[PDB]
Amino acid sequence: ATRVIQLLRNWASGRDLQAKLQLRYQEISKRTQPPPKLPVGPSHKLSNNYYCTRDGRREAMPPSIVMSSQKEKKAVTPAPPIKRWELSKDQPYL
Amino acid sequence: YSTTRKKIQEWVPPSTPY
Amino acid sequence: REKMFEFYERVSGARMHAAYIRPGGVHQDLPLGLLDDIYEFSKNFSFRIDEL
Amino acid sequence: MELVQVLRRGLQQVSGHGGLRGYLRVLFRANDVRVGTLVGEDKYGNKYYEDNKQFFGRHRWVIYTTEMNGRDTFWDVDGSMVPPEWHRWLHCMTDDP
Amino acid sequence: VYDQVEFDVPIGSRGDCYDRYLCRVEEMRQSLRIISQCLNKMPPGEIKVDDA
Amino acid sequence: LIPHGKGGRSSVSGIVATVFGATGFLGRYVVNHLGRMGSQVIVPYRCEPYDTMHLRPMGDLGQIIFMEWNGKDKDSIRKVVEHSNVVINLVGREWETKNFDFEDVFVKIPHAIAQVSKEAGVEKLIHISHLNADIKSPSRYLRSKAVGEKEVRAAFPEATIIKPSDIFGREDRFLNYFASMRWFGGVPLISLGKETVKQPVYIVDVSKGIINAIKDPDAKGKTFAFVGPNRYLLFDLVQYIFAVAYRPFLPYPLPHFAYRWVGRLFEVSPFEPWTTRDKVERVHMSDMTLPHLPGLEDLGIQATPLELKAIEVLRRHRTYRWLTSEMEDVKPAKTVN
Amino acid sequence: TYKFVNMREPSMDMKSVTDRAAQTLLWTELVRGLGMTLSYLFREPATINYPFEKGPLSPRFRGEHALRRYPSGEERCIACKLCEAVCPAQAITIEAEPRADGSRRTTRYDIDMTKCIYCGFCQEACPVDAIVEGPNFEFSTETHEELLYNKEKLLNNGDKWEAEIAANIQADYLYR
Amino acid sequence: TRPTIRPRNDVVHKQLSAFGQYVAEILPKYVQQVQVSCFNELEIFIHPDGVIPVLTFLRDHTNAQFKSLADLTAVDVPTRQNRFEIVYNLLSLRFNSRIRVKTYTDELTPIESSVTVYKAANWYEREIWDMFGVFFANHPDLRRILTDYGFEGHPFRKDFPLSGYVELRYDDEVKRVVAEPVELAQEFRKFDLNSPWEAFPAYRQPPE
Amino acid sequence: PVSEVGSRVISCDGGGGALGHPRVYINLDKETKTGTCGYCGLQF
Amino acid sequence: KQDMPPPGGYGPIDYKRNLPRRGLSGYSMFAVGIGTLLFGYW
Amino acid sequence: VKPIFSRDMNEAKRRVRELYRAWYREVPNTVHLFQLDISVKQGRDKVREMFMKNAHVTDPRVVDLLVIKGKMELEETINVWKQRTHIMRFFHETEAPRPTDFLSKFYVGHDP
Ligand SMILES: CCCCCCCCCCCCCCCCC[C@@H](O)O[C@H](CO[C@H](O)CCCCCCCCCCCCCCC)COP(=O)(O)OCC[N+](C)(C)C
Ligand SMILES: NC(=O)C1=CN([C@@H]2O[C@H](COP(=O)(O)OP(=O)(O)OC[C@H]3O[C@@H](n4cnc5c(N)ncnc54)[C@H](OP(=O)(O)O)[C@@H]3O)[C@@H](O)[C@H]2O)C=CC1
Ligand code: SF4
Ligand code: SF4
């Protein structure tokens, strides 16, 4: 923490550490904080809620089934093929 | 150490004869 | 990496193995004082990775 | 400006008062606020790091068996309850009671 | 929200350990890109699901 | 307490055995066979915690309980007996320490143990003494142990008393000793051959026998004595020792006095001397062959022959050239009896 | 999106060729890295002076357990026993019996740090907020039998730290 | 019905449906049924003998360029004429999508190994062999992993106690660690959380 | 420790707003009352 | 009113590599070296 | 129905005899290389006993499956996989004796 050293240090580095000095935190966030109050949540309205709607687990349904082989025509893909990606734009190479 | 006292508390024969 | 565990430390209460993600979403909300703190670190990390 | 630094070593040498003992046990040096309380002795500090802030100092007579320079001080020795909360930065902004 | 973040995946080439290494580093930088975006768009609201 | 469950590491048993001086070869094994039963033990240390440390695994959480004590203070021995159902004496010493004069070790301590065993209403007391403890001019250990034997018998008469017929094991101070006599050069025989004769019992057998003796209702005041199935000649015995240790074998015939000059020479060392005149008298006196006393087989246990078990005991003495070899190659030694 | 690490290739220009050759013979990047560690010699060391200083923690941090009292001096625990019912390690064992007054209470609440995983589910679970995962984090001990805390032990921990714990919960509960 | 519940796209359900039909027609010597789990996961069945031929084509192009096993799971169920129920995830890259074929197997019938077809399945054959009884034919080297040496009984057999039948402990008299029956302390307290009142009308089997 | 006065039904929480025992209603005046865990009886 | 910690603004963060072109021309290396040699021999 | 290996019994019994040859001959090497101090005979006898343990199995496929599970062990001892502990494990030597006599068991514990 002295100019006699910091100059030599930065020159030895070729990066000039003094702008960051990230290897220590001289003065970060203060620890004590004001009370949170904190968000309410979307469904907390008393005027209109019905769990019969909002429920998700009750929307679970038995799997759709096909063939059940146990009990022209055209060819087709599981999904359309994805496009080839564009190459990084701003930094094409590294 | 063991906590919560005892269990069966089994009875024993009387001191008096017969 | 220790400074990152300071974050798991801060939000989860454990330095690691932070059982914090929940099937329902997430456990407790994260403390107000955190995001600037993450900012201050993240801006300076790159010099470190670079020097590596 | 090495002379000012060595001079800082001197001022620290005087303010510490027999710093040789503190470096014979507490391993040096600079000290600060010297706020205190606890069951015995204790200490406090403030300086220039998020980790080096808020030091401590074991009681010379300790909780019972004598603890001092060149003695086996406990880590559990620190005062129970209040002081760690200021000491771990759980609430360093909240000064020790 | 990876739909809503933008970052560059780093492909290797030769398949030697070295390329994998550069992939490790570059992916570090890219994650370091993600942190920016997440910091800049971090909506207020609840965190656990409403479904009690 | 009434015993519960299958015998096992978690199993309870009524035994709250107290073993004294277990730091030695016996009864580390005896504690172990207690431990496989899961029976509680209160082994108390005189020495230092460190040497005792390997005793710890043997138990199951709360089982083993070290306790600080001294054999000299009366109440100090009142400590570790204080809840013991049974108290067991395994204490012994070959070389007379200064501060523990050779007599008290075999007299006072068993004495205080016996009478405190009386006062605490201890359910059983048990004690060890060498078969040759029967009084003899050579060696003060046979005699001092005879004195504490007769004393505890006079004080806790219903105590059974061990009289082991030389136990051989990996941690032995005996077989390893004559194995290590090679280091000087030869093997000092007072006059070779039948100058003296010995019979041995597996250490494992002695341990199993002791705990079985607590397992035996009949083993009350009876003075048990342990002898191995085979009979051997000291000369052919040592011959078998270097027959398994593969080391060169040099019998070393010797006028009887000079060997004692040697023992006096080696008692000098402040530490723990390799040899002593007391041990010198441990050497040349043969075991008596009396079987009529209650003993090992009376417990129902049968002795494990030494002949298959010396190999593991002495392999550490082997030179690398011979360090791997089947025991059977050595040839079973002939039995005199 | 996709990026080429490497793939970039050296120029064959003679100035560049002599540069790479001189680089090989004269070890430029080598001395570069060497200069780099020289540079890290001059930065201030990161070590904290433990014990004498101790690392930063958080109000939410988890450590030694400790049942704790009402300000009234009454104990909080009411043996709803679901602390047993939610601990994944099932470290907890409880055996309630009625108070002579008729209030619900434990007889032998106990726990064993040997199996506890410090997940803090108990901290969440208690309806009366009795058991609490205390700020203390150091209680390493010699003997296994000491780990297996009894109820009384937990209370003593609750006595030792109560101002401290109440401080953390005071600083934290709103986020709960 | 928006903020909480997942939207579930119709589209993917369509494409997977039709594709399931597509394979269903291309090779129906063995596709028992091509059920689509409603959250977009196709999964055809296979007669146990039919494993290699199906999977083989499953790498082979038509669209089924589903290279790389993700896994070779072995669900167990005590009922059924044959208990163990093997499962194969698969991934196609260019059409970025996953399917999941699966079979069934006797405790004793040796189904063939599928290492050649999906390539990276050599480790799995050993896994399921040592976590189950089931044997894979034409496998170069089944052998134990994820166990001790001896140990014997397969775990994950849906029965078979988690505490097993054994324990090691070091024993000074023999100076060696050794096996010994469990003697377990504290006992695995076994809660019975499961509760009355069916939660799921949308399922629930016929009373029969 | 001493019982709080009442007439009649009244709250209890153990005094810790979202820190005490969950809110309940003791229901006595002249009679001794309650309680949850808080001993806060309402004998008066 | 309520609060929590949404960002108050936060400027952009660095990430791309920034390796300096420290060091210099290769000819200079040989030049200085060889000059050192000849002065040495002299 | 697909057989594992051999069709019908006897074809599988020869397999097991082969296996006995392999084990038996290998055993002295096991005692030598492992520095086991078991009596060189004892391992052999114990082998014969383990071979008696399933000496009543009669199903078709189950026996060949038995020699599958039998290969792996000699497979391990030959590769020095397993160890002194692991191979000494079979002798159950640390166990406390457990007589099968009704009365004997009867005094000892609550039993089944
Ligand atoms: C009149 C004219 C007379 C002569 C004038 C010309 C002088 C001749 C040229 C001088 C060259 C001498 C240099 C010594 C030989 C260097 C070759 C060495 O580097 O071999 C390489 C191997 O490199 C060495 O192993 C480096 C490892 C040494 C680790 C220690 C680091 C030294 C730090 C610097 C200390 C300097 C102190 C002394 C300075 C005065 C192998 O090359 P290659 O296989 O193709 O690929 C690797 C290239 N490298 C160099 C980038 C690694
Ligand atoms: N082959 C044999 O060895 C035979 C032995 N015996 C007898 O059986 C007993 C068991 O033999 P073994 O266990 O090998 O002998 P050990 O020396 O191995 O056992 C004696 C143990 O008791 C301790 N001890 C006894 N008294 C004291 C004391 N006053 N102060 C401090 N420590 C004491 C010893 O030292 P510490 O605990 O302090 O380390 C030692 O640990 C012996 O007494 C022996 O005479 C009988 C027949 C054969
Ligand atoms: S929750 Fe806390 S208080 Fe309620 S029962 Fe479980 S432990 Fe006792
Ligand atoms: S600590 Fe974590 S794990 Fe141990 S009991 Fe409390 S909650 Fe369950």
# chains A, B, ... in the order shown; residues from 1 in each chain; ligands from 1
>>> residues_near_ligand(ligand="ligand 2", cutoff="7 Å", atoms="only C-alpha atoms and all ligand atoms", output="PyMOL selection string")
chain F and resi 20-27+45-47+71+90-93+100+105+128-130+163-168+172-174
>>> residues_near_ligand(ligand="ligand 1", cutoff="9 Å", atoms="only C-alpha atoms and all ligand atoms", output="VMD selection string")
(chain G and resid 20 to 31 34) or (chain J and resid 30 33 to 35 37 to 38)
>>> residues_around(residues="residue 78 of chain G", least_positions_apart="3", cutoff="12 Å", atoms="only C-alpha atoms", output="ChimeraX atom specification")
/G:67-69,74-75,81-83,94-99,102-107,109,126-131 /I:21,36-38
>>> residues_around(residues="residue 90 of chain G", least_positions_apart="3", cutoff="9 Å", atoms="only C-alpha atoms", output="ChimeraX atom specification")
/G:83-87,93,111,115-116 /H:188-189
>>> write_last_selection(atoms="N, CA, C and O atoms", output="JSON list (two decimals), in the first residue's frame")
[["chain", "number", "residue", "atom", "x", "y", "z"],
["G", 83, "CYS", "N", -40.07, -32.44, 14.37],
["G", 83, "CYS", "CA", -38.65, -32.32, 14.13],
["G", 83, "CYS", "C", -38.09, -33.68, 13.87],
["G", 83, "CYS", "O", -37.18, -33.83, 13.07],
["G", 84, "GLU", "N", -38.63, -34.69, 14.54],
["G", 84, "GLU", "CA", -38.25, -36.05, 14.26],
["G", 84, "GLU", "C", -38.73, -36.43, 12.88],
["G", 84, "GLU", "O", -38.14, -37.26, 12.21],
["G", 85, "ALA", "N", -39.82, -35.81, 12.47],
["G", 85, "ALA", "CA", -40.55, -36.29, 11.32],
["G", 85, "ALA", "C", -40.09, -35.67, 10.03],
["G", 85, "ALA", "O", -40.62, -35.98, 8.98],
["G", 86, "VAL", "N", -39.13, -34.77, 10.11],
["G", 86, "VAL", "CA", -38.72, -34.07, 8.91],
["G", 86, "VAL", "C", -37.21, -34.14, 8.74],
["G", 86, "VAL", "O", -36.69, -33.88, 7.66],
["G", 87, "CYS", "N", -36.50, -34.52, 9.79],
["G", 87, "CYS", "CA", -35.07, -34.66, 9.64],
["G", 87, "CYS", "C", -34.74, -35.85, 8.79],
["G", 87, "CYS", "O", -35.06, -36.97, 9.16],
["G", 93, "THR", "N", -34.48, -37.86, 18.29],
["G", 93, "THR", "CA", -35.40, -38.80, 18.90],
["G", 93, "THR", "C", -36.12, -38.13, 20.04],
["G", 93, "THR", "O", -35.50, -37.49, 20.87],
["G", 111, "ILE", "N", -30.49, -35.67, 20.33],
["G", 111, "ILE", "CA", -30.04, -35.44, 18.99],
["G", 111, "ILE", "C", -28.62, -35.90, 18.97],
["G", 111, "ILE", "O", -27.98, -35.94, 20.01],
["G", 115, "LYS", "N", -24.97, -37.86, 13.40],
["G", 115, "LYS", "CA", -25.79, -38.18, 12.24],
["G", 115, "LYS", "C", -26.41, -36.96, 11.63],
["G", 115, "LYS", "O", -26.75, -36.96, 10.46],
["G", 116, "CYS", "N", -26.56, -35.92, 12.42],
["G", 116, "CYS", "CA", -27.12, -34.67, 11.94],
["G", 116, "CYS", "C", -26.34, -34.14, 10.78],
["G", 116, "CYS", "O", -25.13, -34.22, 10.79],
["H", 188, "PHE", "N", -33.59, -48.40, 11.95],
["H", 188, "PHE", "CA", -34.16, -47.48, 10.99],
["H", 188, "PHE", "C", -35.61, -47.24, 11.32],
["H", 188, "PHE", "O", -36.46, -48.04, 10.94],
["H", 189, "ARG", "N", -35.90, -46.16, 12.03],
["H", 189, "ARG", "CA", -37.29, -45.86, 12.33],
["H", 189, "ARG", "C", -37.99, -45.72, 11.01],
["H", 189, "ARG", "O", -37.49, -45.07, 10.11]]
>>> closest_atom_pairs(of="chain K", to="chain H", cutoff="12 Å", atoms="only C-alpha atoms", output="Markdown table")
| residue | atom | partner | partner_atom | distance |
| --- | --- | --- | --- | --- |
| K:1 | CA | H:109 | CA | 7.9 |
| K:2 | CA | H:109 | CA | 6.4 |
| K:3 | CA | H:109 | CA | 7.1 |
| K:4 | CA | H:110 | CA | 5.9 |
| K:5 | CA | H:110 | CA | 9.5 |
| K:37 | CA | H:174 | CA | 11.4 |
| K:59 | CA | H:108 | CA | 11.0 |
| K:60 | CA | H:108 | CA | 10.4 |
| K:61 | CA | H:108 | CA | 7.4 |
| K:62 | CA | H:108 | CA | 7.5 |
| K:63 | CA | H:108 | CA | 11.0 |
| K:64 | CA | H:108 | CA | 10.9 |
| K:65 | CA | H:108 | CA | 8.5 |
| K:66 | CA | H:108 | CA | 11.5 |
| K:68 | CA | H:142 | CA | 9.8 |
| K:69 | CA | H:152 | CA | 8.8 |
| K:70 | CA | H:152 | CA | 10.8 |
| K:71 | CA | H:143 | CA | 10.0 |
| K:72 | CA | H:143 | CA | 7.1 |
| K:73 | CA | H:150 | CA | 7.8 |
| K:74 | CA | H:150 | CA | 11.3 |
| K:75 | CA | H:143 | CA | 9.8 |
| K:76 | CA | H:149 | CA | 8.4 |
| K:77 | CA | H:149 | CA | 10.3 |
| K:80 | CA | H:149 | CA | 11.5 |
| K:81 | CA | H:149 | CA | 8.2 |
| K:82 | CA | H:149 | CA | 6.1 |
| K:83 | CA | H:149 | CA | 9.1 |
| K:84 | CA | H:176 | CA | 8.8 |
| K:85 | CA | H:177 | CA | 6.4 |
| K:86 | CA | H:149 | CA | 7.1 |
| K:87 | CA | H:150 | CA | 8.6 |
| K:88 | CA | H:178 | CA | 8.3 |
| K:89 | CA | H:178 | CA | 6.3 |
| K:90 | CA | H:179 | CA | 8.9 |
| K:91 | CA | H:179 | CA | 10.0 |
| K:92 | CA | H:179 | CA | 7.6 |
| K:93 | CA | H:174 | CA | 8.9 |
| K:94 | CA | H:178 | CA | 7.8 |
| K:95 | CA | H:180 | CA | 7.4 |
| K:96 | CA | H:180 | CA | 10.4 |
>>> select_by_dssp(residues="segment 4-92 of chain D", states="alpha helix (DSSP H)", output="list in words")
residues 4, 5, 6, 7, 8, 9, 10, 11, 12, 13, 14, 15, 19, 20, 21, 22, 23, 24, 25, 82, 83, 84, 85, 86 and 87 of chain D
>>> write_last_selection(atoms="C-alpha atoms", output="short mmCIF file (atom, residue, chain, number, x, y, z; two decimals), in the first residue's frame")
data_model
loop_
_atom_site.label_atom_id
_atom_site.label_comp_id
_atom_site.auth_asym_id
_atom_site.auth_seq_id
_atom_site.Cartn_x
_atom_site.Cartn_y
_atom_site.Cartn_z
CA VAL D 4 7.44 7.48 6.92
CA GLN D 5 6.67 3.77 6.99
CA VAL D 6 9.51 2.91 9.34
CA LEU D 7 8.31 5.85 11.37
CA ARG D 8 4.92 4.13 11.43
CA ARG D 9 6.72 1.10 12.80
CA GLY D 10 8.07 3.39 15.49
CA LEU D 11 4.73 4.96 16.43
CA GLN D 12 3.25 1.48 16.54
CA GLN D 13 6.22 0.43 18.67
CA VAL D 14 5.37 3.12 21.22
CA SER D 15 1.58 2.95 21.17
CA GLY D 19 4.83 -4.86 21.67
CA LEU D 20 7.28 -7.72 22.15
CA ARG D 21 4.76 -9.53 24.34
CA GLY D 22 1.86 -9.01 21.94
CA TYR D 23 4.06 -10.39 19.18
CA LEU D 24 5.13 -13.13 21.56
CA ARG D 25 1.49 -14.22 21.70
CA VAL D 82 -22.87 -10.93 22.25
CA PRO D 83 -19.30 -10.33 21.08
CA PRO D 84 -19.03 -12.81 18.17
CA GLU D 85 -22.00 -11.18 16.42
CA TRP D 86 -19.94 -8.03 16.16
CA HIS D 87 -16.86 -10.13 15.67
#
>>> residues_near_ligand(ligand="ligand 4", cutoff="6 Å", atoms="only C-alpha atoms and all ligand atoms", output="PyMOL selection string")
chain G and resi 87-89+91-92+116-122
